[PDB]
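>>> Mind folding the following:
(one chain, ligands or ions: 1)
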Amino acid sequence: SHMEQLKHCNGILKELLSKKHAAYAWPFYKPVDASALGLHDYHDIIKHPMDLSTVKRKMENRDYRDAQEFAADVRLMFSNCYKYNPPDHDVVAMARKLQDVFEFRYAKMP
Ligand SMILES: CCNC(=O)c1cc2c(-c3cc(S(=O)(=O)CC)ccc3Oc3c(C)cccc3C)cn(C)c(=O)c2[nH]1
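Numbering: from 1, shown residues only. You can find the structure just below:
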């Protein structure tokens with residue numbers, strides 16, 4: 001059922017924000033601060049920024065109708081990272097590590 005799916009999505013998000021994954025999850029906790037970092041073209045390349053704090057809000061306020069909507073936002077956050085950055089950048093490697101955690105937990109959802 002849809003409500004059961006979202007309860008499991010809450011657990012996945014809790015796992016992505018947990019201390020065990022912090023070494024690679026931290027660049028995704030908050031929006032990219034393009035202005036402070038001097039990434040002048042970030043909002044030109046990334047039309048729909050996404051981060052775990054936004055996913056946390058949409059989950060708390062029940063803005064996701066189903067698990068697929070939650071998965072779309074999480075994957076959009078990783079896709080933005082792959083889209084913007086060169087493949088050798090440390091953040092791209094951190095995103096792949098966190099995405100392996102998300103994809104595993106999302107696939108194992110009962
Ligand atoms: C081609 C150029 N790319 C970028 O400099 C770039 C930066 C980022 C960051 C990012 C956001 C912050 S923050 O201060 O905003 C909040 C924490 C701080 C560091 C960040 O990255 C770094 C990381 C993760 C490790 C070492 C060095 C840096 C600059 C996030 N994400 C998701 C990106 O895609 C992205 N790209």
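>>> Around the ligand, which positions in this protein sit nearby?
Applying Cβ under 6 Å from any ligand atom, one finds that the chain approaches the ligand through 27-28, 30, 32-33, 37, 39, 81, 84-85, 89-91. To be clear about C-beta, it is placed using only N, CA and C from the backbone, and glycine gets the same treatment.
>>> so which of these is the most crowded?
Of all those, the highest neighbour tally under other Cβ atoms under 10 Å goes to residue 28, namely 26 neighbours.
>>> Now the two most distant members of the residues of the chain next to the ligand.
Of all pairs drawn from the residues of the chain next to the ligand, the greatest distance, 18.1 Å, lies between 30 and 89 (Cβ to Cβ).
>>> Centroid-nearest residue for the protein?
residue 74 (3.7 Å; Cα atoms, centre = their mean).
>>> what kind of secondary structure is residue 64 in?
coil (DSSP: H, G, I helix; E, B strand; the rest coil).
>>> just checking, it touches residue 70?
Yes - counting by Cβ atoms under 8 Å, residue 64 touches residue 70, with 4.6 Å between them.
>>> Which one's more surrounded, these two?
More crowded of residue 64 and residue 70, by other Cβ under 10 Å: residue 70, with 23 against 19.
>>> Go ahead and confirm the more buried one touches residue 54.
No - counting by Cβ under 8 Å, residue 70 stays clear of residue 54, with 11.5 Å between them.
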